[PDB]
Each structure stands twice: as structure tokens, then as C-alpha cells.
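[1] structure here, sequence nowhere to be found:
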RNA sequence: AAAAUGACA
RNA sequence: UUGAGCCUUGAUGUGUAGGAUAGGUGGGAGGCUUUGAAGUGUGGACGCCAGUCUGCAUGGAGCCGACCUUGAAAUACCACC
RNA sequence: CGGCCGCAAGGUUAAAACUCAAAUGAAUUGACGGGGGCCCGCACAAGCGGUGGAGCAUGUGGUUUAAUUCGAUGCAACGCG
RNA sequence: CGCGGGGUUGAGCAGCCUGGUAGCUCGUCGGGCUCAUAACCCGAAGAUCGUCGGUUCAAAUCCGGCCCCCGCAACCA
Ligand SMILES: Nc1ncnc2c1ncn2[C@@H]1O[C@H](COP(=O)(O)OP(=O)(O)OP(=O)(O)O)[C@@H](O)[C@H]1O
Ligand SMILES: Nc1ncnc2c1ncn2[C@@H]1O[C@H](COP(=O)(O)OP(=O)(O)OP(=O)(O)O)[C@@H](O)[C@H]1O
Ligand SMILES: [Mg+2]
Ligand SMILES: [Mg+2]
Ligand SMILES: [Mg+2]
Ligand SMILES: [Mg+2]
Ligand SMILES: [Mg+2]
Ligand code: NA
Ligand code: NA
């Protein structure tokens, strides 16, 4: 309820999964939808198409709030990084702007090594 | 608040539930679970007061109008759609039927004058002037339009037969005891309509459904009736499962803690027993060994019936090969062409919504109903086993279980291969003598499975097999069907049954009959 | 990284802010530090860049084209 | 295949009607090197089909074939250890060949009588999105739109 | 993704 | 702030068949309207979304009830809940 | 082994008996790589028809017999001399 | 010859848990893949459930008797 008319859409795209959370400008989540939760278990959730389904599903479960202006914040690498922004404009949402919030540490914590 | 006070019932020669007692009352919904053949509906009848226990008392509520739903959705077929609902209320229906002996008896006496004078007054008290006024509106509210109110109950699809049988219980109803409400499987739209209806209005309810998801979405308690008694766990269903499994593995663990703490005590008593310096110590725990008294482990009533369908004669080329049916009853034909082939495939799980006509399509295919004009034909070597949606014409004529199961079979000994197929599916000597017309639900379905196993047919029509099964017989039948090497059709509404094994799924609609997308997962994905 | 261009985009086309940080640091800082693998991959990095100058200086060939 | 390219194989037009589409249809259902029977079956399966459809050849056959041809077909794309199949667009030269191949495969079934009635009943039911041959265009479409997750 | 081995003259 | 009990007041409630969103109990057919109406324009809240509803001035004093399809009779009113 | 150093792990100085006619460095020609590039063959891909299942003819392994004559036995022996 | 635990396919094991389906992992055999052996894929073979009797329609299961094996006990001034 409360009819939020101006909100945010945090896209947390990873190598494995693409997860979309729509929230108001105060950072209080309304609804969320992921790539793997749309019947894309396994390697398929790491597909750009699975993000398109995830974004369109996240348009629902928040359509009652009547959000009209979005402020998308992309984050992280992955193939479901760009195909999901274009899936928010295809549901009628008006993206006011696009921002990238990706953590680039200034040589902070030591990274892992676990691949050979 | 209705209470059971040490209730026991003995059917045959072994008690069903031994000395049960529990309190029901409040805005809660005690859905109860149990393997078919073990209490459940009998306990519901005891609570309703229709049947009395062999020991114990109903301890009935004073005048609070227990409102009930029965297991049988076909027991009402002659009373009209507007008659069943008005017959739901006893004291009204009985007085109406007695007052109907006025226009049919052309003779009236002095006592009969008083009786007709006072029965009309009782009818007025019981609102007979609005008895049919309050019924049609409820029937329209549930979703049954006017056009079929005075029509007979026979000409109704069972998904709506249940829709009317539910409304039959909706007359000033506290304490509604609903028997198996699904079966004649609802689409799923009707199921969600049910769940919203049930969980919106506030009353005390007792559900007995076998549908885990429906019970999760509806109920708050679980009055499981499994081992020998009715034990109630507060939980929807996934709390009940993790309660009744953890509390049983705990029983096994707390019993192994005794079975293994007796072992080393016995090792001591066996080693230092004749020793003069330690005999007084061995005899000190040889007597605490026998004062432990481990707690016994009962037997669960849920079992997997071993059912296996063979093949008498293998046909090769193709089986069905239907061209044009165009079957109709009252409206424009429910379907027109339905040209298709079989090719000795598997299933083609016919499905739709309630009232489309899948059951009558299967009736036309099996030949007990013939189309308006068309040809079906089967292979000259085709042997057809049939599991009807409603099977009441079969369990009749008062035969024993043994006699019913022996009336089948081709060349088999009377003592084995027919008393063995019975024991492979949950039957014993104390049960092979009870009458056929008294078994309940899943047991009748299992008897039908047994007759199919002995007839060994090539083509299994099998309308709606998963109706009254245990949820433990469902997967047994699933495995039996997927290991069966013949040809079959079936119109089950279950999701992960068609999704489990279907290959040639055929949906049916008033306009477009789709056919064979694939796994039906691809069908539901394309849709 | 931020693009406002308030009224007239209707289309992201923010490759200018996509080819600045996303490719390099993010998909590199996950592992492979080793404190001396970069110092030897760098020695090999333009042991071949100067090799192109020889190919740049290899313009004096006939090849009959 | 490897180095060169093949232009096309020149197939003579059908004797009875000047159609290059019908002539290839005869050859596809032709079996064991006997074109005498295949043209006898097709010609019989068209006259008894045209009279039902009311017109000679085009709506009898070309319409009966334009509604059975596909648009998207599926194939496998093992790249570097992958195991997924993909749907791909078919070229216009393979649509007719696929359509004719599907009809005969779905017409060699339905065993009732001689091929002349087997095929004519197959084409007439396939001319209205009803037959078992025209069914295959639906399955191949479902397998083409129910796995669009990869492109 | 998995692929180990082959007595001397 | 959130529950439960009580007192007072105000809102509150269809069919199947309709001019109409009729709780019974039946008392009754003449009250009700101007200690300003019939209907006009201004909107609160509820809303088997058609309508009730009430603050509101002006406009100034007709409407209702009966018959009526109907299981029932109509905020003609009141008491009892 | 001995000496020195060290909390310890050990470091440092430093042999012999016996045994082989070799061990090793750079480079050359081939072969090979689950190294790279280019190209070809019904090699794969797209298709059509088969073998492997059944009966029978025939050849070969074995087993048997007095003898079941000798030879061929990856591709390139097995409707072979 | 006093007390316990066991005998199921070539080997190690369930099922005996209140009676109605002879099963798991290795292994054996016949094909396939390979230059060839292993690995891998397909198909298959077996046993008197120690023996002998007993109620049961039906016993690996419940009961009685016997045989075989493996453990323990057979005490102190
Ligand atoms: N009147 C009767 N006389 C004797 N035995 C009966 C009688 N009614 C039922 N039984 C048997 O005793 C048990 C009681 O059946 P009941 O109707 O309680 O089953 P249920 O557990 O409710 O079954 P379901 O889950 O299929 O509805 C069943 O095993 C049945 O075969
Ligand atoms: N004997 C009959 N006379 C008239 N109408 C009938 C008759 N039998 C069925 N119908 C009608 O045909 C339609 C479908 O009937 P059917 O029994 O085949 O239902 P169904 O789609 O299989 O549904 P379900 O099995 O869930 O009851 C319904 O509209 C029903 O009213
Ligand atoms: Mg690690
Ligand atoms: Mg080795
Ligand atoms: Mg060196
Ligand atoms: Mg052969
Ligand atoms: Mg020879
Ligand atoms: Na029952
Ligand atoms: Na049906």
C-alpha cells in the first residue's frame, strides 16, 4: 500500500545469478525477483535471458504501488547485466537515470585463489 | 466444544483406534491425516453422531448443528440440485418430507388434523417459507447458475457436484466436518476458490483432505491418526512433518539408548558373575537390567501397495486411430473432430477444466457411450482395462473381498494368485472376508487396481486414478504406470503426475483442443 | 558512473561509462595476486609490444602484391 | 560441401501439371526406386482431394503445404563442452523440403487402405490445421518457443 | 568433464 | 499503542422473478414535507462498483404510502432486539 | 663421523668403501604434443539404405574326433589361396 | 558340554521387526568401444534363505529338534 510513486530498482547482477530488488528512495524493499527463482535452476540462471524474466516478474508484485519513476542501480559483473535494464522499460517503468554501484576496493582485503 | 471421551471402534476382529480422546473447539481448522483404511472417515462419522462407537461417548454439543460433507460425491444423483441443498438441513427436510404426506393421502383423521395443524407451524418456525429462498441464492453464490437448479443431479460434472455438495452444508453452520473435498479433482481454480471460501468465514472445521498444498494453505492444526490414536500437532503441514518425523526418530534413538546400555551391563554380568569378589556387583546390575523396560515401537499404517501391470498380448501397429467424434448431450458438442492416433505410445494425459467433457470423451472411446456420428475402432488384439471416474456399479451385490477378487482371473488357483494379489496390496485374512460394498475410498480404488492387474489389459483407460489414494499409493501407482509397457490414457488433474510421466498431453477446451506439446512442462512453458 | 541526460535518451548507450572500470578491475581483483605473477606477466606484456615495432620496421618487403 | 558449392539439382517439372513443387513431392514419398507408383499414388490422391477442396491444385496442395511448413527448427550447439540444444531459423529452400518430408512420414502411418486414400485423407486434414501432418508444425514450434532461454 | 598403462633383443 | 467487558449515540445490511442494495417480528393504511421542501449545483465514507449516505446555502414547499413482479413487505414511523 | 653455531627445525666445514663407462652443453634432421595456424578426403554435418535381433549359405576362432590337411589372422586375416 | 551371537547368491551385507516381491556393493560370463589391457556402455547366469518337522491358503520371517562356526564363564580363603 501507501502508493509509492517514485522508487529505486537495485540490480545485483552476479556471474551465477541475477537478483532484482525494487525499493523506495528510503531503501525499504517492496518486492524482489531473481533469475534463479523463475524456474532457471543451474547454468540457465546465468543467462542474460533469465534476467529479462526476472526483471519482468519484479515489475509484478509491486505494480499495485503504482511506481512511475525508477532509479536503477546496477552492480557486479555477469551476462544478465544489460538485458535486465531493457526489461524494465518493457513493463512501462520510466527509468529516470542509470547508475553503477560496484565495489572497487582500494587494495583492501586479500582476494581468494581457489581456481586451477 | 465437542469432546471425545475414550472412544474405541472395533471393525472386524481388531480395534481401529484404541481409546482416543481430544478436544475440538474454536476458530481453528483441525485437518486430520491418516492412511486409507484407518479411521479418519469413521472417526468423522462418530463425531457427527451418525454412527456410535463400540466404547466411549460422543459427548455432543447441545444444539450446535454439526454440518457435514460426505466422502461420496455421487451418492446424490436422483434428488435435484435444488433438492440436495434444502435436504442438507435435517429438521427442515424431515418435516418437509412428512408434510408431503398430505397431498398424497386423500384420507385425514382426527389425530391427523392436529398433526397437519402443528407440522405446518413447525415448518413456519423452521423457515419453510424461505427454505427454498435461502438455497438458490447460496447455490448461485458458490457459482452454480439458475439454469441447472431444477435439473437432476445426474447431469452435472462432478467438479460441480462437489460445488453443490459443499453448499449443501452451508445452512447456519458451526462445526463443519468436511470429508474428502477434493477428488473428482478440481481444476485448481476451484481449489483456490475453495480455500478462500473456507479461510475467510470463521467457524470450527475438520478437514480430511489428502492434498498437502491445500492443507498447508488452509489449516492450522494436524490431527494425525496413524499408529493407534489421534495425536494433534499445531502446524500447517511442514511443521507437522518435521514434528512427527523428529519425534519418531527420537523414539528410536531413546530406545537404542536402552538397547545399547543393556548390552554392556550384560557383558559385565556375563564376565564377572561367578567371581567371588565381584558377584555381589554383577548381581547388582543383573537386576537393574530387567528394571529398564524399553518402550515398544508400533507400526505405521502407511504402506506402499505393490501394484504391477502386466501385458496379456502385445499389439504392435497402433491402437486408437479415432477420426471424428462430435459428442453432445444438451449444448453444442463439447468437441467436434478429435482425430488422433495412438501408435502404442503412452498416456496422452487428457485434461482441461471442470465440465469440459474429458470423462465423456473417455466414455465414447471405451464404447459405453457412442458418438452422434463417427468412428473410433480399436486393434483386433486390443484388451481394454477401464477404471471409471465413478465406480459404484461395481461394488454391489454383497460379495466378500475374496469373492469380488475371484470373480475375475483367467486361469488361476482359488487359493493363491488371487489371495496373494490381495496381500501384495494391504489386505489380510481378517479383511478378505469383509463385504466388498463396505470398503472405503482408497481401498475401493486399490481393489480396482487389483482387478486391472489380474485382467492384464493392453490399453488402460484409467479415468482418474489418483482420487482417493494415500499419497503413498499415489507414487506406487506412478511407478507402476511408468514401468508398465502397454498403452494408456488418463485424465488426472494432478500437476506432478502429468508432469511426472506424460508425453502426448492433450488439453481440451470448449473451442480449441490442443495436443502433444511434449513433457507438458514445455506445454505449460509455451502457454 | 552516472548518466542523467534528463529528457532525451530513451536508450542507455552508456558504453562510455561501461568501458572505463567494469572490464578491468572488477574481473581481475578476484584472484591471481601472487605478488610476482604481475611483475613477470608485465615483463612479457611489452616484450611483445616492442616486438610490433620490428613489424612496424618490417615495412620494407616486396611480397609481390 | 567442404571446398566447393553445389548450385542445385535440376528436377524436371511434373508431367501432369507444370509444377516443380509437386515433382519433388513425388520423389520424397517415392521408395525403392519406383517412380511409376509414386506418381500413380499422388495423382490419385489429388483428384480425390481436389473434388473435396473444390479446386484443382493450388488450394488442394499448395495451401495444404503452406500450412504444414515450419519456420523455426531446433539443433544442438556443443561449443566447448556445452550440452544445450538451440532453436534456429530455417532457410526458405528447406521449408518446402521439410514440409513434404513431414507429410509422408505422418501419412505412412494411419494404416487403413491403399496409399492413395492414406495420402489424400492426410492432405485434406492437413489443409485446415487439423491433420496429423500439420500437427508436427505445432510441436516443432513448441520446441522452438519453449527453449528460447538460449539464443 | 574423463583418458591409467605397454618386459628384453 | 494494542486487547477484552459494559453504557449512549451514529452508521449497518437484494435477488433468482424488480419502479427498487426489502432484518425480521405486522401495528397499521394514512402519516411524513415548511422548527422549508420536490429537484437543482458542491463533495465526504462505505460500496455481491449499481447506489446509500450525510455538512452545506440557494432554489421555497412536492413528494411518500396504496396497487406491484414476489418467499417476505416496503427508512408511511415507532417502539424490541 | 668429528668441530663450531642454534631453544628447536637445522646451518656450516666435509669424506670413504662400492659401483658405471658413461653423465652433461649447444645445435641439426625426423617423430610426437590432451601446442598454434592454413588446407583436403563420404571425415564429420544434411540425407537415403543397412549390420548388430530373427531363420539359412559361407569363412574363421575354439571344443571334439583316428583325421577333422596346410596357409592367411588389427586397419591391410575372417563369400580369404 | 553351562550361557550367549550367527548360517541368505563366488565374497561382505539387508530384508526376520510382527507373514503375501530373493534384494545392495564387489565379483563371473557374452558382446561393444581400444592397436591391446584396464576403466566405461549393453545383456545375462545362479540360492534346498544350514538341515528336519510343525501350524497357516501361503514361511527367509512364527514355533520345536538337530548340525556347523565364532565368543564368554567354570570363584576366594
Ligand atoms: N462397516 C464396516 N464393517 C467392517 N469393516 C469396515 C466397515 N467400514 C469400514 N471398514 C473397514 O475398516 C476400516 C475403516 O474404514 P474407513 O471408512 O474408516 O476408512 P478411511 O480411513 O476413512 O479411508 P479413506 O482414507 O479411503 O477415506 C477400513 O479398513 C475398512 O476396510
Ligand atoms: N447425462 C448428461 N446429461 C446432460 N449433460 C451432461 C450429462 N453428462 C454430462 N453433462 C454435461 O457435460 C459437461 C461435462 O460433463 P462430464 O461428466 O464429462 O465432466 P468432466 O469435464 O469430465 O468433469 P468432472 O470429471 O470434473 O466432473 C458438463 O457441462 C455436464 O453438465
Ligand atoms: Mg579450500
Ligand atoms: Mg603398472
Ligand atoms: Mg644442468
Ligand atoms: Mg543377424
Ligand atoms: Mg583352418
Ligand atoms: Na473414508
Ligand atoms: Na471426468
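    Okay, I see it. Numbers count the residues shown, from 1 in each chain, chains lettered A, B, ... in the order given. Ligands and ions are numbered 1, 2, ... in the order given.
[2] which residue does chain C have closest to ligand 8?
    Among the residues of chain C, residue C:30 lies closest to ligand 8, at 61.1 Å counting by CB to the ion. Every residue, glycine included, has its C-beta placed from N, CA and C.
[3] can you pull the phi/psi pair for that residue?
    phi -80, psi -30 (degrees, to the nearest 10).
[4] can you tell me the SS state at residue D:5?
    coil (DSSP: H, G, I helix; E, B strand; the rest coil).
[5] what number of residues lie near it?
    By the criterion of other CB atoms under 10 Å in any protein chain shown, residue D:5 has 5 neighbours.
[6] residue B:90 now?
    So residue B:90, with other CB under 10 Å, has 11 neighbours.
[7] for residue B:186, same thing?
    23.
[8] that one: what's it in contact with?
    B:159, B:162, B:194, B:354, B:493 (CB atoms under 8 Å, 6 or more residues apart in numbering or on different chains).
[9] so the second one makes contact with residue B:74?
    No - in this structure residue B:162 lies outside contact range of residue B:74 using CB atoms under 8 Å: 10.2 Å.
[10] these two: who's more crowded?
    residue B:162 (23 against 15).
[11] for residue B:32, what are its contacts?
    B:40, B:43, B:206-208, B:222-225, B:230.
[12] just the element for the closest residue to it other than its chain neighbours, please.
    Nearest non-adjacent residue to residue B:32, counting by CB to CB, 6 or more residues apart in numbering or on different chains: residue B:223, 3.9 Å away. Following DSSP states H and E, one finds residue B:223 within strand B:221-225.
[13] and residue B:244, by the same measure?
    Residue-wise, residue B:244 maps onto helix B:238-259 under DSSP H and E.
[14] tell me the buried residues in that helix?
    B:240, B:243-244 (16 or more other CB atoms under 10 Å in any protein chain shown).
[15] nearest to ligand 8, of those residues?
    The closest of the buried residues of helix B:238-259, once distances to ligand 8 are taken by CB to the ion, is residue B:240, at 20.1 Å.
[16] how much space between the closest one and residue B:208?
    14 Å (CB to CB, to the nearest Å).
[17] again, but for residue D:52
    Distance from residue D:52 to residue B:208, by CB to CB: 57 Å.
[18] for the two, indicate the residue with more neighbours.
    Between residue D:52 and residue B:208, counting by other CB under 10 Å, residue B:208 is the more crowded of the two (23 against 12).
[19] can you map out the strands along chain D?
    D:72-76, D:85-89 (DSSP state E).
[20] buried sites along the last one?
    Going back to what we said before, that points to strand D:85-89. residue D:87.
[21] ok, stretch A:30-46 next?
    A:30-38, A:40, A:44-46.
[22] quick one: which of these is nearest chain C?
    residue A:46 (14.6 Å; CB to the nearest CB).
[23] let me know whether residue B:55 touches residue B:6 as I believe.
    Yes - at 6.8 Å, residue B:55 and residue B:6 qualify as touching, with contact defined as CB under 8 Å.
[24] show me whatever sits in contact with both of those two.
    With CB under 8 Å, 6+ apart, residue B:55 and residue B:6 have common neighbours residue B:19.
[25] quick one: buried ones out of the contacts of residue B:32?
    Buried, going by 16+ other CB under 10 Å: B:40, B:43, B:206-208, B:222-225, B:230, out of the contacts of residue B:32.
[26] what's the burial count for the residue of chain C closest to ligand 8?
    14.
[27] name the nearest residue to it, sequence neighbours excluded.
    residue A:111 (5.7 Å).
[28] residues in contact with that neighbour?
    Applying CB under 8 Å, 6+ apart, the residues contacting residue A:111 are C:29-31, C:33.
[29] in PyMOL, select just the buried ones from those.
    Typed into PyMOL, the line below selects the buried ones among these, using 16+ other CB under 10 Å:
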select buried, chain C and resi 29
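[30] right, is the helix holding residue B:244 up against RNA strand H?
    No - against RNA strand H, helix B:238-259 shows no contacts by CB under 7 Å from any atom of the strand, the least distance being 10.2 Å.
[31] and that helix, what other elements does it pack with?
    strand B:221-225, strand B:230-234 (3 or more CB pairs under 8 Å, 6 or more residues apart in numbering or on different chains; DSSP states H and E).
[32] please enumerate the strands of chain A.
    A:7-13, A:18-24, A:29-34, A:69-75, A:94-100.
[33] quick one: the fourth one to chain centroid distance?
    If I follow you right, that is strand A:69-75. 8 Å (CA atoms, centre = their mean, to the nearest Å).
[34] run the angle between that strand and strand A:94-100 for me.
    Angle of strand A:69-75 versus strand A:94-100, following axes from the mean of the first three to the mean of the last three CA atoms, to 10 degrees, is 20 degrees.
[35] tell me which residues are up against strand A:69-75.
    A:5-13, A:22, A:25, A:81, A:85, A:88, A:93-102.
[36] just the buried ones from these?
    Judged by 16+ other CB under 10 Å, buried ones among the contacts of strand A:69-75: A:7-13, A:22, A:81, A:85, A:88, A:93, A:95, A:97-100.
[37] for the buried residues of helix B:238-259, which one is nearest chain C?
    Using CB to the nearest CB, those come closest to chain C at residue B:243, 44.3 Å.
[38] which residue packs closest to that closest one, ignoring adjacent ones?
    residue B:233 (4.9 Å).
[39] is it correct that residue B:297 is in contact with residue B:252?
    Yes - with contact defined as CB under 8 Å, residue B:297 reaches residue B:252; the gap is 7.0 Å.
[40] which residues are common contacts for those two?
    In contact with both residue B:297 and residue B:252: no residue, using CB under 8 Å, 6+ apart.
[41] for chain B, which residues are neighbours of RNA strand F?
    Going by CB under 7 Å from any atom of the strand, the residues of chain B near RNA strand F are B:82, B:129-130, B:133, B:136-137, B:139-141, B:146, B:149.
[42] where does the residue of chain C found nearest chain B land in three-state SS?
    Closest approach between chain C and chain B, counting by CB to the nearest CB: residue C:12, at 29.8 Å. Taken by three-state DSSP, the conformation at residue C:12 corresponds to coil.
[43] residues in contact with it?
    Residue C:12 sits in contact with A:82, A:85-86, A:98, C:3, where contact means CB under 8 Å, 6+ apart.
[44] that one and ligand 9, how far apart?
    53 Å (CB to the ion, to the nearest Å).
[45] again with residue B:365
    With CB to the ion as the criterion, residue B:365 and ligand 9 are 13 Å apart.
[46] report how many residues lie close to the nearest residue to that residue once chain neighbours are set aside.
    Sequence neighbours aside, residue B:376 is the residue nearest to residue B:365 in space, at 6.2 Å (criterion: CB to CB, 6+ apart). Counted by other CB under 10 Å, the residues lying close to residue B:376 total 17.
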